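Novice: my sequence and its experimental structure, below.
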Amino acid sequence: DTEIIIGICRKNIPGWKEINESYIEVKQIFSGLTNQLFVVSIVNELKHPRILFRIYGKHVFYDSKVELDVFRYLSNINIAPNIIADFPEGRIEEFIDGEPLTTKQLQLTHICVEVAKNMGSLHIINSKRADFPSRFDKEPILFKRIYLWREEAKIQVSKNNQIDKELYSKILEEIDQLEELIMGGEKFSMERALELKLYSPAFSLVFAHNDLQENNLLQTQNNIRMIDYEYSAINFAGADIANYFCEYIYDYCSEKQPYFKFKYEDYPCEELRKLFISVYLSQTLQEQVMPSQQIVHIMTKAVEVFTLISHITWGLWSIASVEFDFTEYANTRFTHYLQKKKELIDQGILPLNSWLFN
Amino acid sequence: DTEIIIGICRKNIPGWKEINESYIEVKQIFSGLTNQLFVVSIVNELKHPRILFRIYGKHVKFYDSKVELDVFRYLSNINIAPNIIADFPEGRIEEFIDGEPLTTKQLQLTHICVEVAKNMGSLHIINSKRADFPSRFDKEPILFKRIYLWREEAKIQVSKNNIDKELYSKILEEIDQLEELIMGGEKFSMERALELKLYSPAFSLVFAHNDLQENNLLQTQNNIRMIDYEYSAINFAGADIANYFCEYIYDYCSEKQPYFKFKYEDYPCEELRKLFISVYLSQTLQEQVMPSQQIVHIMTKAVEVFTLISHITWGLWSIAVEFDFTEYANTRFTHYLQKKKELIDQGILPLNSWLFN
Ligand SMILES: Nc1ncnc2c1ncn2[C@@H]1O[C@H](COP(=O)(O)OP(=O)(O)O)[C@@H](O)[C@H]1O
Ligand SMILES: Nc1ncnc2c1ncn2[C@@H]1O[C@H](COP(=O)(O)OP(=O)(O)O)[C@@H](O)[C@H]1O
Ligand SMILES: C[N+](C)(C)CCCCCCCCCC[N+](C)(C)C
Ligand SMILES: C[N+](C)(C)CCCCCCCCCC[N+](C)(C)C
Ligand SMILES: CCCNC(=O)[C@H](O)[C@@H](O)C(=O)O
Ligand SMILES: CCCNC(=O)[C@H](O)[C@@H](O)C(=O)O
Ligand SMILES: [Mg+2]
Ligand SMILES: [Mg+2]
Ligand SMILES: [Mg+2]
C-alpha cells in the first residue's frame, strides 16, 4: 500500500515529517528477484530526496539472518547504501542514483580500474578494520556454496520440470576434483589456504562481493558504487576478481529469449586483466604495483583458475514472474566451464602444481 | 565577525534557518593565499552539515577576477567543482568537500594515479562534449599568453629589487624559443595546433585545471575530488598532464625553510606515466586504450615536452604566509634546464626529429 509506505517514510526519514503526501511518489521497481522494492521520491524541488524502500519477501539452504547481519555492517562502514530506517519486515535505504554499467563499458580501461579500486577497498576490511565482526565466518565460501547449491540443483532436477543431462552430468563429476584443482593437487584446509597466500595474493582471504556484475555497479556523478551484497562473504580474492572478469561475457540486457547474450571472446584480454590487478594490489597493499612486476604476472595467471569456480557456481545457482531462461543460462555457464578448463590447460595454467611453486 | 557569518549562513543555507547559533562553529583556515576562508559546521549530530564560507580578497597586475568567477560558477553548475549554496558579490557559500588532501608520496600509488587521470579526462572533454559549454570562454590555449603575462609581472618585481640573476637571465632567453620548441619548429598558431592534434591528443585543446597538485586533490569516502580552479582554462591537454606529473617532485608540506622539499628523481616513471594516459585516453575517447598501443607511446613522449612549460610557468609565477617563493623559483628554473637537457639526450627534443615520422 502506498499510503502505508508514505506514512512510514515521513515518520522515519529526517526532514520528511512535514512534507505533504502530494509531493511524494511511490514507484515500485521489478528488477529484483526476491523482495518488493520501491523508489520513493520527493517530486517538488533534503539530504534524502529519494530513498529505496525494501520489503523482505520469502527467498527461494538460504539464511536471511546472516545476509542481513552482513549488510548492516557494510552499511555502517559506509560501503553499502546507508540505512535510514531498519525494521523486521523491511528497511529504508539511501537511494544510489546513477546508471548501471553496461557489459561493454567493462572493456573500457578507466571503468575497469575504478572497479578494481573499489573491490580492493572492500576486500581489506577483514584484515584492516578493528570493528570487523568476529562472528562472520573466517573461511572461504567458494566450496561450501558450491556443495550447498549442488544439492539444491539435484532437488530441482528431480522435480523434472528441461536440462542438458549430458553436460549437467559431466559437471557433477568435475566438482569432485574442484578442490584439488583450485588448491593445486591438495584438498582444502585453512593450512593449505595460508600456504597458498604466501605464493600469491590470489589466495588471500578477503571479504568478497561475490556477484560484482555490471548491473551491480552504479555510475554516479563522481564515482562508481557497488550494490547487491546478498552473496558477500569471506572468500579467495581471486574468486571475486575472476567472477568480475567473467561478467565481461554475459549481457543480461536482452528482451528476447533466452533474455541474455554471451560472447566468450569478450573475456578481458591479458593486458586489461593485468591493469586491473595492478590497481587492485596498489589498493590492498597501498604500494606502487604495476603490470611489469612479478607479483602481478603470477596473480594474473592464478586468478584465471578461479574462473571455473564462477561458471560452476552460477550454473548450479541458475538451476537451484520475470523474463529469464535459467536453464539455458546454466547450460551456457557449464559449457564455458568445459571450454575454459581446456584453455587453462593448453595455456599451462592448470594444473597449479606445475608452475605456482616453481 | 562570527555573528555576521552565521546570520548569512542560517538565512541562506537550506535547513539552517531554525538551527540555534550555539550549534554552529565558524573556524577560519589560513592555508589559502588570497581570500578569507571559513569552515562553518553544525557541531550537533542535514544535506549541508558543513560548508565553506569564502570572502573575496584583493588578488596580487593582469589578474582578472571576473573571468575566474565566471568559470567557477559554470564548473560548479555542471557539478565538477564544489557546489554553490549561495552566491554574492563579496563571497560565496560553498559545499564543504570533506576529505584529506593527497600527499606528494601518494601520487606514486597506481590506484590513486589512475583516478586523477580519469577525473582529469572528465574535466578535459567539457569543451567538446557539452552543449552548455560557454561560448565566451577563450578557445585558445593559455600556456603562452600566461608565460608572457607572468614574465612581465616578474620583470616588475625584480626591478623592485627586494634571486639568481644568472639563471633568471638564461630563463628569459629560453622563453623566446619556447613556442618553436612546443610546436615543433613553428611559432604558435591555431592551424598549427589543429595540425599537431592529428599526431597526438597531447596537442588536443581541452579545458585544463592547470594546477592539479596533490593539495588540490581531496580524498572523500568514495572518490578523489578536484578543487581550486583559479587557473583553469582551455589549454593543450599535455600541458595539464605534464604539470600533474611535475608535482610528483615537489612537496609543500614542510615547516622549515624553504618550506618545501624536492626530489627530481621522484618524477613518475615511464610505466606509471603510460598507465596514466591510457586511463586518461579511455575516458576522453571512450574506448579501450592501453599502454601497449602506439597512441600511448607517442602521447607520453609528447607529454614530456610540456613539462618545461610547467617549470617555467610556475618559476615565473613564484617571482611574480610561510613560503620561500624565491628559492622555489630557482628550483623550477634549475629543473627546466635539467629536464630540457635530459629531453634532448633522450631524443624527445626536438619534436620534429620524430613526431612527424
Ligand atoms: N539502494 C539502491 N539505490 C538505487 N538503486 C537500487 C538500490 N537498491 C536496488 N536498486 C535497484 O534495484 C536493483 C536491486 O535489486 P536487488 O536488491 O538485487 O533485489 P532482490 O533483493 O530482490 O534480488 C538494482 O539492480 C538497482 O537497479
Ligand atoms: N569547498 C571546499 N571544501 C573543503 N576545503 C576547501 C574548499 N575550498 C577550499 N578548501 C581548502 O582551502 C584551501 C585554500 O583554498 P584556495 O581556494 O586555494 O584559497 P585561495 O583562493 O586564497 O588561494 C585549499 O587548499 C583547500 O584545502
Ligand atoms: C537486468 N534486467 C534489469 C534487464 C533484468 C534482470 C533480470 C534478472 C537477472 C537474471 C539473473 C542472472 C544473474 C546471473 N549472475 C548471478 C551470475 C549475475
Ligand atoms: C600545504 N600547505 C597548506 C601547508 C601550504 C599552503 C601554502 C603553500 C604556498 C603555495 C606554494 C606554491 C604552489 C606551487 N604551485 C602553484 C605550482 C602548486
Ligand atoms: C541483471 C540483474 C543482476 N542480477 C544479479 O546479479 C542477481 O542474479 C540478482 O538476481 C540478485 O538476486 O541480486
Ligand atoms: C599548496 C596549496 C597551494 N597550491 C597552489 O597551487 C596555490 O596555492 C593556489 O591554490 C593559489 O591559491 O594560488
Ligand atoms: Mg537481486
Ligand atoms: Mg555481465
Ligand atoms: Mg606536489
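Specialist: Structure's in. What do you need? Numbers count the residues shown, from 1 in each chain, chains lettered A, B, ... in the order given. Ligands and ions are numbered 1, 2, ... in the order given.
Novice: can you get me a residue count around the closest residue to residue A:285 other than its chain neighbours?
Specialist: In this structure, residue A:285 finds its nearest non-sequential neighbour in residue A:201, 7.7 Å apart by C-beta to C-beta, 6 or more residues apart in numbering or on different chains. C-beta: built from backbone N, CA, C; applies to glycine. Other residues near residue A:201 come to 25 when the count uses other C-beta atoms under 10 Å in any protein chain shown.
Novice: before we move on, what about residue A:148?
Specialist: 14.
Novice: how much space between it and residue A:231?
Specialist: Remark: distance between residue A:148 and residue A:231 (C-beta to C-beta, to the nearest Å) = 12 Å.
Novice: just residue A:192 next, same as before
Specialist: 24 Å.
Novice: again, but for residue A:300
Specialist: Residue A:300 is 24 Å from residue A:231, by C-beta to C-beta.
Novice: neighbour count winner among the two?
Specialist: residue A:300 (23 against 18).
Novice: what count of nearby residues applies to residue A:352?
Specialist: 23.
Novice: hmm, it is touching residue A:180, no?
Specialist: No: in this structure, residue A:352 is not within contact of residue A:180 by C-beta atoms under 8 Å, at 9.2 Å.
Novice: give me the residue from the stretch 101-250 of chain A nearest ligand 6.
Specialist: Distances between the stretch 101-250 of chain A and ligand 6 by C-beta to the nearest ligand atom are smallest at residue A:222, namely 20.9 Å.
Novice: could you pull up the residues touching that residue?
Specialist: B:220, B:222, B:223, B:225 (C-beta atoms under 8 Å, 6 or more residues apart in numbering or on different chains).
Novice: run the last query once more with 6 Å
Specialist: residue B:223 (C-beta atoms under 6 Å, 6 or more residues apart in numbering or on different chains).
Novice: near residue A:167, how many other residues are there?
Specialist: Per other C-beta under 10 Å, the neighbour tally for residue A:167 reads 17.
Novice: identify the spatial nearest neighbour of it, chain neighbours not counted.
Specialist: In space, residue A:167 is closest to residue A:334, 4.9 Å off (C-beta to C-beta, 6+ apart).
Novice: hey, where'd the strands end up in the stretch 1-150 of chain A?
Specialist: A:24-29, A:36-42, A:50-55, A:83-87, A:90-94, A:99-100 (DSSP state E, counting those that start in this stretch).
Novice: mind checking how far the fifth one is from the chain centre?
Specialist: This means strand A:90-94. Remark: strand A:90-94 is offset 21 Å from the chain centroid, using C-alpha atoms, centre = their mean, to the nearest Å.
Novice: one more: the third one?
Specialist: Distance of strand A:50-55 from the chain centroid (C-alpha atoms, centre = their mean) equals 21 Å.
Novice: tell me which strands it pairs with, and in which orientation.
Specialist: Using DSSP bridges, strand A:50-55 pairs in its sheet with strand A:36-42 (antiparallel), strand A:90-94 (antiparallel).
Novice: which of the ones you listed sits most buried?
Specialist: Ranked by mean neighbour count under mean count of other C-beta atoms under 10 Å in any protein chain shown, these are led by strand A:90-94, which reaches a mean of 20.
Novice: mind listing residues that contact it?
Specialist: A:51, A:52, A:54, A:55, A:56, A:81, A:82, A:83, A:84, A:85.
Novice: nearest residue to residue A:339 in space, please, no chain neighbours.
Specialist: Per C-beta to C-beta, 6+ apart, closest to residue A:339 is residue A:264, 6.9 Å.
Novice: how many neighbouring residues does residue A:142 have?
Specialist: Neighbour tally, residue A:142, other C-beta under 10 Å: 26.
Novice: ok, it touching residue A:238?
Specialist: No: counting by C-beta atoms under 6 Å, residue A:142 sits too far from residue A:238 to count as a contact (9.5 Å).
Novice: quick one: the residue nearest to residue A:167 is in a strand?
Specialist: No: Residue A:334 is assigned helix when assessed by DSSP: H, G, I helix; E, B strand; the rest coil, not a strand.
Novice: next, residue A:304: secondary structure please.
Specialist: helix.
Novice: generate a ChimeraX selection restricted to the buried entries among the contacts of strand A:90-94.
Specialist: To isolate the buried ones among the contacts of strand A:90-94 in ChimeraX, judged by 16 or more other C-beta atoms under 10 Å in any protein chain shown, type:
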select /A:51,52,54,81,83,84,85
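Novice: using a markdown table, lay out the contacts of strand A:90-94 together with distance to ligand 4.
Specialist: Below are the contacts of strand A:90-94 laid out as a markdown table (distance: C-beta to the nearest ligand atom, whole Å):
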| residue | distance to ligand 4 |
| --- | --- |
| A:51 | 39 |
| A:52 | 40 |
| A:54 | 44 |
| A:55 | 50 |
| A:56 | 50 |
| A:81 | 35 |
| A:82 | 32 |
| A:83 | 37 |
| A:84 | 37 |
| A:85 | 41 |
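Novice: filter the contacts of strand A:90-94 down to the ones near ligand 1?
Specialist: Among the contacts of strand A:90-94, the residues within reach of ligand 1 (C-beta under 6 Å from any ligand atom) are A:52, A:81.
Novice: sorry, back to before: make sure the residue of the stretch 101-250 of chain A closest to ligand 6 is indeed in a helix.
Specialist: No: per three-state DSSP, residue A:222 lies outside any helix segment and is coil.
Novice: and the stretch 151-300 of chain A, which residues reach ligand 3?
Specialist: So the stretch 151-300 of chain A meets ligand 3 at A:211, A:213, A:215, A:252, A:253 (C-beta under 6 Å from any ligand atom).
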